[PDB]
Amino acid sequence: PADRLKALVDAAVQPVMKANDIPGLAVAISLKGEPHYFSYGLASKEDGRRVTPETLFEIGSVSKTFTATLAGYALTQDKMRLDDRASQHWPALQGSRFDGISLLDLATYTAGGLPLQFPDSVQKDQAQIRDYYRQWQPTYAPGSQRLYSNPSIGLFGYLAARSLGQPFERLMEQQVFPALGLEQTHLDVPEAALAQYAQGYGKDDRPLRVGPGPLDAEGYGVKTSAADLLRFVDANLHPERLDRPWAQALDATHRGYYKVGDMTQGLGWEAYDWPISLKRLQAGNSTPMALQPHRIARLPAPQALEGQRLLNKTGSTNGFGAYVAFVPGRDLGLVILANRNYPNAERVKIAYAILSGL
């Protein structure tokens, strides 16, 4: 059995790796509560380090699901509410347009046209981050247009930490990751763990690791391994396995709020009906969904993302490419971590091939 699944994953991953020149890749699969890991290639082409289920990858915007779990905790402890105006949790923003923007709009990228990235002139400094939001003028009315945005959900995470009374980075290290049982998950990789930190590769195989930037922790900062990230996936498949406060914090992120095409937007997670064709799942994770605006169709009420559904999230840095997906009704979870930023369509292709069947 374990040899037949290894042959499936190997048939799913190996062609895509060679086709995209991916130096190293790690797959972690959860089925019926049983873990399975599959390692391919090299974490470092220079020093010949091989990929293992403990290899640390940059998961990029998959971090947004962790940020959402943090926000989920604040909501369950009644320190904030999704319809709260943004400037309520940051007095410096009072008098700016964020007096009429809800946290939900920020969490779900519908504030009114916040861009993908902070301007290059905005540095990792609170005052510059403050000034940026203070002078920002909307392109659209709130809650009408989705524009994938790090400033948007980054502010969402930053305000969640404020409502809790501590910085975002500290709350993650000392509460979230320990509460989720994650010891191989970091925002700032300890010096003792750097040996497990895979090298990233891009155009011309120039080495690429992520550097500092405004609200980087909230938007795309997590580094973890396939095994540790699968622990997180399992925690999403079985929130009851955690203490009550953190079970409710994960269930909070399993709530859909509006649709765009086949994709239902939750907190961090993006959901699809299952089964669904590969082309449609690829279309939902394609570049236009990240760089271009889209009108939304709001659901009459929060829709639980449970049952025959596929929750997922992509993640890309300059040198890494991750994809996470799980299916509640099937009790199946999947993690694909790679040290090259290769097309999301290819990430979904690997995941879809594996999911095909059982």
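When you see a residue number, it is the position in the sequence shown, counting from 1.
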Taking only the CA atoms, which stretch has the higher mean B-factor in the record, 24 to 32 or 52 to 60? 24 to 32
Stretch with higher mean Cα temperature factor, 262 to 270 vs 96 to 104, is 96 to 104
Kindly indicate the residue among 157, 239, 112, 214 with the greatest C-alpha B-factor in the PDB record. 239
Listed options 65, 317, 314, 44: highest C-alpha B factor recorded at 44
CA B-factor placement of residue 167, once the chain's modelled residues are sorted into thirds: lowest
Within this chain, which third does the Cα B-factor at residue 173 fall in: lowest, middle or highest? middle
Temperature factor at the Cα of residue 344, chain-ranked in thirds, falls in the lowest
Entry-reported Cα temperature factor of residue 85, expressed as the chain third it lands in: middle
Record-listed C-alpha B factor of residue 244: chain third: highest
